Amino acid sequence: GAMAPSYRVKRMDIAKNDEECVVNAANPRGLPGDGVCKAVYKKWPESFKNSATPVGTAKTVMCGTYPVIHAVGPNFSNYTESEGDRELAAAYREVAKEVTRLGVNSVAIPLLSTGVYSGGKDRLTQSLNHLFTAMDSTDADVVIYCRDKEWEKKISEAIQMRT
Ligand SMILES: [Cl-]
Ligand SMILES: [Cl-]
Ligand SMILES: [Cl-]
């Protein structure tokens with residue numbers, strides 16, 4: 001584990017991360033997709049061999065020795081707010097189990113269900129709080145990746161408020 005486990009946020013492409021493993025914001029069919037998923041497919045295409053997995057789950061596939069944890073958040077266009085909230089929390093719990101199993105000291109993670117699966121709503125706080133609920137009990141350094149300047153400031157404020 002990390003000597004003093006921390007949370008950090010960076011505004012840049014997660015395909016350029018400096019962590020020991022990455023979480024993909026995957027679709028259930030293992031397809032190249034859009035946004036984070038398409039960047040992950042371009043950087044680690046080998047990790048999409050048999051990466052299909054249901055909503056609310058995570059499945060890790062190695063690209064060489066680098067682990068790609070494919071985590072499938074719900075598409076809020078298809079789920080109700082109640083059921084989608086439950087599946088989004090579940091996908092993050094599965095990411096925490098995989099990060100622990102892998103024994104890594106750091107992990108790069110995006111906010112699941114905040115892009116094209118958001119159903120047109122701002123889900124920064126919802127998604128980040130489910131991330132904290134799952135990852136708080138792990139000892140890996142967590143680096144959250146985002147692309148929007150206002151989201152970077154809000155995620156950074158939420159991290160600092162708890163310290
Ligand atoms: Cl970038
Ligand atoms: Cl998304
Ligand atoms: Cl963002």
# chains A, B, ... in the order shown; residues from 1 in each chain; ligands from 1
$ residues_near_ligand --ligand "ligand 1" --cutoff "10 Å" --atoms "only C-alpha atoms and all ligand atoms" --output "VMD selection string"
chain A and resid 10 to 17 146 to 147
$ residues_around --residues "segment 121-134 of chain A" --least-positions-apart "2" --cutoff "6 Å" --atoms "only C-alpha atoms" --output "list in words"
residues 89, 92, 93, 96, 111, 114, 118, 119 and 136 of chain A
$ write_last_selection --atoms "N, CA and C atoms" --output "mmCIF file, in the first residue's frame"
data_model
loop_
_atom_site.group_PDB
_atom_site.id
_atom_site.type_symbol
_atom_site.label_atom_id
_atom_site.label_comp_id
_atom_site.auth_asym_id
_atom_site.auth_seq_id
_atom_site.Cartn_x
_atom_site.Cartn_y
_atom_site.Cartn_z
ATOM 1 N N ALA A 89 -23.088 2.792 -7.457
ATOM 2 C CA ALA A 89 -22.368 2.457 -6.220
ATOM 3 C C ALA A 89 -21.704 1.074 -6.302
ATOM 4 N N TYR A 92 -18.411 0.943 -8.371
ATOM 5 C CA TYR A 92 -17.241 1.406 -7.601
ATOM 6 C C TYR A 92 -16.802 0.389 -6.537
ATOM 7 N N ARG A 93 -17.772 -0.301 -5.873
ATOM 8 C CA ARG A 93 -17.355 -1.342 -4.903
ATOM 9 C C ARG A 93 -16.516 -2.431 -5.606
ATOM 10 N N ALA A 96 -12.964 -1.240 -6.104
ATOM 11 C CA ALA A 96 -12.143 -1.357 -4.881
ATOM 12 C C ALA A 96 -11.664 -2.774 -4.629
ATOM 13 N N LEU A 111 -14.609 9.636 -13.281
ATOM 14 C CA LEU A 111 -15.913 9.598 -12.599
ATOM 15 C C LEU A 111 -16.919 8.854 -13.481
ATOM 16 N N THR A 114 -20.642 9.976 -15.646
ATOM 17 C CA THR A 114 -20.731 11.444 -15.707
ATOM 18 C C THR A 114 -20.684 12.055 -17.104
ATOM 19 N N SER A 118 -24.632 9.955 -18.389
ATOM 20 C CA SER A 118 -25.229 10.760 -17.310
ATOM 21 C C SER A 118 -26.737 11.024 -17.486
ATOM 22 N N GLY A 119 -27.304 10.703 -18.654
ATOM 23 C CA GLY A 119 -28.707 11.026 -18.912
ATOM 24 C C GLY A 119 -28.948 12.535 -18.929
ATOM 25 N N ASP A 136 -12.369 4.543 0.128
ATOM 26 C CA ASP A 136 -11.816 5.010 1.407
ATOM 27 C C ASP A 136 -11.128 3.914 2.213
#
$ residues_around --residues "segment 54-58 of chain A" --least-positions-apart "2" --cutoff "7 Å" --atoms "only C-alpha atoms" --output "JSON, numbers by chain"
{"A": [28, 60, 69, 70, 71, 72, 73, 74, 87, 88, 90, 91, 94, 95]}
$ select_by_dssp --residues "segment 2-96 of chain A" --states "alpha helix (DSSP H)" --output "CSV table (one decimal) with N, CA, C and O atoms, in the first residue's frame"
chain,number,residue,atom,x,y,z
A,35,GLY,N,-15.5,8.9,-25.5
A,35,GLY,CA,-14.9,9.6,-24.3
A,35,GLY,C,-13.7,8.8,-23.7
A,35,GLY,O,-12.8,8.4,-24.5
A,36,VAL,N,-13.7,8.6,-22.4
A,36,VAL,CA,-12.6,7.9,-21.7
A,36,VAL,C,-12.4,6.5,-22.4
A,36,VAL,O,-11.3,6.1,-22.6
A,37,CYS,N,-13.5,5.8,-22.7
A,37,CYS,CA,-13.5,4.4,-23.2
A,37,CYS,C,-12.7,4.4,-24.5
A,37,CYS,O,-11.9,3.5,-24.7
A,38,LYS,N,-12.9,5.4,-25.4
A,38,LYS,CA,-12.2,5.4,-26.7
A,38,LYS,C,-10.7,5.7,-26.5
A,38,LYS,O,-9.9,5.2,-27.2
A,39,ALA,N,-10.4,6.6,-25.5
A,39,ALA,CA,-9.0,6.9,-25.2
A,39,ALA,C,-8.3,5.6,-24.7
A,39,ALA,O,-7.1,5.4,-25.1
A,40,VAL,N,-8.9,4.9,-23.8
A,40,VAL,CA,-8.4,3.7,-23.3
A,40,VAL,C,-8.2,2.6,-24.4
A,40,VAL,O,-7.2,1.9,-24.4
A,41,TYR,N,-9.2,2.5,-25.3
A,41,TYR,CA,-9.1,1.6,-26.4
A,41,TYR,C,-7.8,1.9,-27.3
A,41,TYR,O,-7.2,1.0,-27.8
A,42,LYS,N,-7.6,3.2,-27.5
A,42,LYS,CA,-6.5,3.6,-28.4
A,42,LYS,C,-5.1,3.3,-27.7
A,42,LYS,O,-4.1,2.9,-28.4
A,43,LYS,N,-5.1,3.5,-26.3
A,43,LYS,CA,-3.8,3.3,-25.6
A,43,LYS,C,-3.5,1.8,-25.2
A,43,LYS,O,-2.3,1.4,-25.3
A,81,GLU,N,-33.6,6.7,-11.6
A,81,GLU,CA,-32.6,7.3,-10.7
A,81,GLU,C,-32.3,6.4,-9.6
A,81,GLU,O,-31.1,6.2,-9.2
A,82,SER,N,-33.3,5.7,-9.0
A,82,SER,CA,-33.0,4.8,-7.9
A,82,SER,C,-32.2,3.6,-8.3
A,82,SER,O,-31.2,3.2,-7.6
A,83,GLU,N,-32.5,2.9,-9.4
A,83,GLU,CA,-31.8,1.7,-9.8
A,83,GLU,C,-30.4,2.1,-10.3
A,83,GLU,O,-29.4,1.4,-10.1
A,84,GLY,N,-30.3,3.2,-11.1
A,84,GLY,CA,-29.0,3.6,-11.6
A,84,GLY,C,-28.1,4.0,-10.4
A,84,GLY,O,-26.9,3.7,-10.5
A,85,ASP,N,-28.6,4.7,-9.4
A,85,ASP,CA,-27.8,5.0,-8.2
A,85,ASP,C,-27.2,3.7,-7.6
A,85,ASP,O,-26.0,3.7,-7.2
A,86,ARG,N,-28.0,2.7,-7.5
A,86,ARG,CA,-27.6,1.4,-6.9
A,86,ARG,C,-26.4,0.8,-7.7
A,86,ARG,O,-25.4,0.3,-7.2
A,87,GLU,N,-26.6,0.8,-9.1
A,87,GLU,CA,-25.6,0.2,-9.9
A,87,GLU,C,-24.3,1.0,-10.0
A,87,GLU,O,-23.2,0.4,-10.1
A,88,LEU,N,-24.4,2.3,-9.9
A,88,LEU,CA,-23.2,3.1,-9.9
A,88,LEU,C,-22.4,2.9,-8.6
A,88,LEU,O,-21.1,2.7,-8.7
A,89,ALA,N,-23.1,2.8,-7.5
A,89,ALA,CA,-22.4,2.5,-6.2
A,89,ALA,C,-21.7,1.1,-6.3
A,89,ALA,O,-20.5,0.9,-5.9
A,90,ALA,N,-22.4,0.1,-6.9
A,90,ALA,CA,-21.9,-1.3,-7.1
A,90,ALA,C,-20.7,-1.3,-7.9
A,90,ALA,O,-19.7,-2.0,-7.6
A,91,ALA,N,-20.7,-0.6,-9.1
A,91,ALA,CA,-19.5,-0.6,-10.0
A,91,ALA,C,-18.3,-0.1,-9.2
A,91,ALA,O,-17.2,-0.8,-9.3
A,92,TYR,N,-18.4,0.9,-8.4
A,92,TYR,CA,-17.2,1.4,-7.6
A,92,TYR,C,-16.8,0.4,-6.5
A,92,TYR,O,-15.6,0.2,-6.3
A,93,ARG,N,-17.8,-0.3,-5.9
A,93,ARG,CA,-17.4,-1.3,-4.9
A,93,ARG,C,-16.5,-2.4,-5.6
A,93,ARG,O,-15.6,-3.0,-5.0
A,94,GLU,N,-16.9,-2.8,-6.9
A,94,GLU,CA,-16.1,-3.8,-7.6
A,94,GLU,C,-14.7,-3.3,-8.0
A,94,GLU,O,-13.8,-4.1,-8.0
A,95,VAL,N,-14.6,-2.0,-8.3
A,95,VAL,CA,-13.3,-1.4,-8.6
A,95,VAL,C,-12.4,-1.5,-7.3
A,95,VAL,O,-11.2,-1.9,-7.4
A,96,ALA,N,-13.0,-1.2,-6.1
A,96,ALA,CA,-12.1,-1.4,-4.9
A,96,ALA,C,-11.7,-2.8,-4.6
A,96,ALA,O,-10.5,-3.0,-4.2
$ closest_residue --among "A:156, A:53, A:24, A:6" --to "residue 106 of chain A" --atoms "only C-alpha atoms"
A:6
$ residues_around --residues "residue 120 of chain A" --least-positions-apart "4" --cutoff "9 Å" --atoms "only C-alpha atoms" --output "ChimeraX atom specification"
/A:76-77,114-116
$ closest_residue --among "A:65, A:113, A:75, A:51" --to "ligand 2" --atoms "only C-alpha atoms and all ligand atoms"
A:113
$ select_by_dssp --residues "chain A" --states "strand (DSSP E or B)" --output "MDAnalysis selection string"
chainID A and resid 7:11 22:25 58:63 66:71 106:110 141:146
$ write_last_selection --atoms "C-alpha atoms" --output "CSV table (one decimal), in the first residue's frame"
chain,number,residue,atom,x,y,z
A,7,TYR,CA,-6.7,11.4,-3.2
A,8,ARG,CA,-5.6,13.8,-6.0
A,9,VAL,CA,-7.3,15.2,-9.1
A,10,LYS,CA,-5.7,16.0,-12.5
A,11,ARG,CA,-7.3,17.6,-15.6
A,22,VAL,CA,-6.2,2.4,-14.8
A,23,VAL,CA,-10.0,2.1,-14.5
A,24,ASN,CA,-11.8,2.3,-17.8
A,25,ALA,CA,-15.4,3.8,-17.9
A,58,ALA,CA,-15.7,-4.5,-13.0
A,59,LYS,CA,-13.5,-6.9,-15.0
A,60,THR,CA,-9.7,-6.6,-15.2
A,61,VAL,CA,-7.7,-7.5,-18.4
A,62,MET,CA,-4.0,-7.0,-18.6
A,63,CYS,CA,-2.3,-5.1,-21.4
A,66,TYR,CA,-0.4,-3.1,-17.0
A,67,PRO,CA,-3.9,-3.8,-15.5
A,68,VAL,CA,-7.0,-2.2,-17.1
A,69,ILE,CA,-10.0,-2.5,-14.8
A,70,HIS,CA,-13.1,-2.2,-17.0
A,71,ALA,CA,-15.9,-0.7,-14.7
A,106,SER,CA,-1.8,3.6,-7.1
A,107,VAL,CA,-4.8,3.7,-9.5
A,108,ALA,CA,-6.0,6.3,-12.1
A,109,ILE,CA,-9.8,6.6,-12.1
A,110,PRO,CA,-12.4,8.6,-14.0
A,141,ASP,CA,-3.0,6.4,-3.9
A,142,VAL,CA,-6.1,7.4,-6.0
A,143,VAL,CA,-5.7,9.9,-8.8
A,144,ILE,CA,-9.0,11.1,-10.3
A,145,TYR,CA,-8.9,12.3,-13.9
A,146,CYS,CA,-11.3,14.8,-15.4
$ atom_distance --atom1 "atom CA of residue 139 of chain A" --atom2 "atom CA of residue 5 of chain A"
5.3 Å
$ atom_distance --atom1 "atom CA of residue 1 of chain A" --atom2 "atom CA of residue 100 of chain A"
9.1 Å
$ closest_residue --among "A:31, A:3, A:21, A:99" --to "residue 138 of chain A" --atoms "only C-alpha atoms"
A:99
$ closest_residue --among "A:34, A:97, A:2, A:155" --to "ligand 2" --atoms "only C-alpha atoms and all ligand atoms"
A:34
$ atom_distance --atom1 "atom CA of residue 45 of chain A" --atom2 "atom CA of residue 117 of chain A"
21.7 Å
$ closest_residue --among "A:148, A:160, A:112, A:79" --to "ligand 2" --atoms "only C-alpha atoms and all ligand atoms"
A:112
